[PDB]
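Asker: Just work05.pdb, nothing more (PDB, N, CA and C atoms):
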```pdb
MODEL        1
ATOM      1  N   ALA P   1      -4.532  27.199  21.538  1.00  0.00           N
ATOM      2  CA  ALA P   1      -4.900  25.767  21.601  1.00  0.00           C
ATOM      3  C   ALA P   1      -3.672  24.884  21.797  1.00  0.00           C
ATOM      4  N   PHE P   2      -3.876  23.664  22.302  1.00  0.00           N
ATOM      5  CA  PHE P   2      -2.808  22.689  22.559  1.00  0.00           C
ATOM      6  C   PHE P   2      -2.416  21.868  21.314  1.00  0.00           C
ATOM      7  N   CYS P   3      -1.235  21.250  21.353  1.00  0.00           N
ATOM      8  CA  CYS P   3      -0.723  20.314  20.351  1.00  0.00           C
ATOM      9  C   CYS P   3      -1.574  19.033  20.219  1.00  0.00           C
ATOM     10  N   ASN P   4      -2.155  18.769  19.038  1.00  0.00           N
ATOM     11  CA  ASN P   4      -2.746  17.455  18.716  1.00  0.00           C
ATOM     12  C   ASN P   4      -1.644  16.476  18.261  1.00  0.00           C
ATOM     13  N   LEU P   5      -0.768  16.080  19.187  1.00  0.00           N
ATOM     14  CA  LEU P   5       0.414  15.251  18.943  1.00  0.00           C
ATOM     15  C   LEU P   5       0.107  13.968  18.143  1.00  0.00           C
ATOM     16  N   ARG P   6      -1.087  13.379  18.301  1.00  0.00           N
ATOM     17  CA  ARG P   6      -1.569  12.260  17.471  1.00  0.00           C
ATOM     18  C   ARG P   6      -1.629  12.626  15.985  1.00  0.00           C
ATOM     19  N   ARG P   7      -2.319  13.714  15.607  1.00  0.00           N
ATOM     20  CA  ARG P   7      -2.443  14.124  14.186  1.00  0.00           C
ATOM     21  C   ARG P   7      -1.107  14.590  13.590  1.00  0.00           C
ATOM     22  N   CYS P   8      -0.213  15.129  14.417  1.00  0.00           N
ATOM     23  CA  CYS P   8       1.154  15.433  14.065  1.00  0.00           C
ATOM     24  C   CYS P   8       1.977  14.161  13.778  1.00  0.00           C
ATOM     25  N   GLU P   9       1.893  13.130  14.629  1.00  0.00           N
ATOM     26  CA  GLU P   9       2.509  11.821  14.378  1.00  0.00           C
ATOM     27  C   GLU P   9       2.012  11.182  13.071  1.00  0.00           C
ATOM     28  N   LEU P  10       0.700  11.232  12.775  1.00  0.00           N
ATOM     29  CA  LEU P  10       0.140  10.778  11.488  1.00  0.00           C
ATOM     30  C   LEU P  10       0.766  11.519  10.300  1.00  0.00           C
ATOM     31  N   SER P  11       0.790  12.849  10.374  1.00  0.00           N
ATOM     32  CA  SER P  11       1.288  13.714   9.293  1.00  0.00           C
ATOM     33  C   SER P  11       2.779  13.480   9.003  1.00  0.00           C
ATOM     34  N   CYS P  12       3.594  13.314  10.049  1.00  0.00           N
ATOM     35  CA  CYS P  12       5.022  13.017   9.929  1.00  0.00           C
ATOM     36  C   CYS P  12       5.319  11.539   9.584  1.00  0.00           C
ATOM     37  N   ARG P  13       4.403  10.588   9.844  1.00  0.00           N
ATOM     38  CA  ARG P  13       4.565   9.167   9.457  1.00  0.00           C
ATOM     39  C   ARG P  13       4.721   9.003   7.945  1.00  0.00           C
ATOM     40  N   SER P  14       4.029   9.813   7.136  1.00  0.00           N
ATOM     41  CA  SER P  14       4.228   9.875   5.678  1.00  0.00           C
ATOM     42  C   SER P  14       5.641  10.324   5.265  1.00  0.00           C
ATOM     43  N   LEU P  15       6.337  11.066   6.130  1.00  0.00           N
ATOM     44  CA  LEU P  15       7.712  11.549   5.938  1.00  0.00           C
ATOM     45  C   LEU P  15       8.768  10.609   6.558  1.00  0.00           C
ATOM     46  N   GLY P  16       8.330   9.550   7.256  1.00  0.00           N
ATOM     47  CA  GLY P  16       9.165   8.503   7.849  1.00  0.00           C
ATOM     48  C   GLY P  16       9.656   8.754   9.285  1.00  0.00           C
ATOM     49  N   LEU P  17       9.095   9.724  10.024  1.00  0.00           N
ATOM     50  CA  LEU P  17       9.603  10.140  11.346  1.00  0.00           C
ATOM     51  C   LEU P  17       8.521  10.680  12.311  1.00  0.00           C
ATOM     52  N   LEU P  18       8.922  11.049  13.535  1.00  0.00           N
ATOM     53  CA  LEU P  18       8.051  11.584  14.596  1.00  0.00           C
ATOM     54  C   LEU P  18       7.584  13.017  14.295  1.00  0.00           C
ATOM     55  N   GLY P  19       6.614  13.515  15.068  1.00  0.00           N
ATOM     56  CA  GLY P  19       6.013  14.856  14.959  1.00  0.00           C
ATOM     57  C   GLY P  19       5.828  15.564  16.304  1.00  0.00           C
ATOM     58  N   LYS P  20       6.924  15.793  17.037  1.00  0.00           N
ATOM     59  CA  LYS P  20       6.965  16.253  18.430  1.00  0.00           C
ATOM     60  C   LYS P  20       6.428  17.673  18.623  1.00  0.00           C
ATOM     61  N   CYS P  21       5.837  17.936  19.787  1.00  0.00           N
ATOM     62  CA  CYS P  21       5.352  19.266  20.173  1.00  0.00           C
ATOM     63  C   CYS P  21       6.464  20.111  20.821  1.00  0.00           C
ATOM     64  N   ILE P  22       6.796  21.267  20.232  1.00  0.00           N
ATOM     65  CA  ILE P  22       7.863  22.176  20.691  1.00  0.00           C
ATOM     66  C   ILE P  22       7.324  23.614  20.742  1.00  0.00           C
ATOM     67  N   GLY P  23       7.200  24.188  21.939  1.00  0.00           N
ATOM     68  CA  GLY P  23       6.608  25.518  22.128  1.00  0.00           C
ATOM     69  C   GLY P  23       5.131  25.571  21.716  1.00  0.00           C
ATOM     70  N   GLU P  24       4.372  24.512  22.025  1.00  0.00           N
ATOM     71  CA  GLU P  24       2.928  24.370  21.757  1.00  0.00           C
ATOM     72  C   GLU P  24       2.531  24.336  20.256  1.00  0.00           C
ATOM     73  N   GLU P  25       3.464  23.985  19.362  1.00  0.00           N
ATOM     74  CA  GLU P  25       3.228  23.649  17.944  1.00  0.00           C
ATOM     75  C   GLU P  25       4.100  22.450  17.527  1.00  0.00           C
ATOM     76  N   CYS P  26       3.636  21.626  16.587  1.00  0.00           N
ATOM     77  CA  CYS P  26       4.343  20.412  16.164  1.00  0.00           C
ATOM     78  C   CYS P  26       5.505  20.669  15.181  1.00  0.00           C
ATOM     79  N   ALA P  27       6.465  19.741  15.118  1.00  0.00           N
ATOM     80  CA  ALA P  27       7.563  19.703  14.145  1.00  0.00           C
ATOM     81  C   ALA P  27       8.003  18.249  13.881  1.00  0.00           C
ATOM     82  N   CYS P  28       8.281  17.868  12.627  1.00  0.00           N
ATOM     83  CA  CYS P  28       8.730  16.507  12.320  1.00  0.00           C
ATOM     84  C   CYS P  28      10.242  16.340  12.554  1.00  0.00           C
ATOM     85  N   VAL P  29      10.639  15.294  13.290  1.00  0.00           N
ATOM     86  CA  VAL P  29      12.026  15.030  13.747  1.00  0.00           C
ATOM     87  C   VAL P  29      12.355  13.522  13.880  1.00  0.00           C
ATOM     88  N   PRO P  30      13.636  13.094  13.801  1.00  0.00           N
ATOM     89  CA  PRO P  30      14.039  11.683  13.920  1.00  0.00           C
ATOM     90  C   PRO P  30      13.834  11.056  15.314  1.00  0.00           C
ATOM     91  N   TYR P  31      13.860   9.713  15.344  1.00  0.00           N
ATOM     92  CA  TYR P  31      13.753   8.842  16.534  1.00  0.00           C
ATOM     93  C   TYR P  31      15.008   8.834  17.430  1.00  0.00           C
TER      94      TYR P  31
ENDMDL
END
```
Take the structure in the file and give it back as structure tokens.

Answerer:
Amino acid sequence: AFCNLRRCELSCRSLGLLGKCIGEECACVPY
């Protein structure tokens, strides 16, 4: 399945940062 980059951005917003798709899975990272 593909990256739901929207739900990743929501999940990482609680941590104060972005939630980018890398190798078809999300990771939280700075701006």

Asker: With DSSP run on the backbone, what are the helix (DSSP H, G or I) residues within chain P? I'd like them as a ChimeraX atom specification.

Answerer: /P:5-13

Asker: Can you pull out every residue from chain P that DSSP, working from the backbone, puts in strand (DSSP E), and format the result as a list in words?

Answerer: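 Those residues are residues 18, 19, 20, 21, 22, 25, 26, 27, 28 and 29 of chain P.
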
Asker: Contacts of range 3-7 of chain P at 8 Å or less, counting only C-alpha atoms, minus same-chain residues fewer than 4 places along, as an MDAnalysis selection string?

Answerer: chainID P and resid 11 19:21 24:26

Asker: Please evaluate the PyMOL selection byres ((chain P and resi 17) around 6) against the structure above and give the resulting residues as a PyMOL selection string.

Answerer: chain P and resi 12-16+18-19+28-31

Asker: Rounded to one decimal place, report the atom C of residue 27 in chain P-atom N of residue 10 in chain P distance in Å.

Answerer: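 Computed distance, atom C of residue 27 in chain P to atom N of residue 10 in chain P, equals 10.2 Å.
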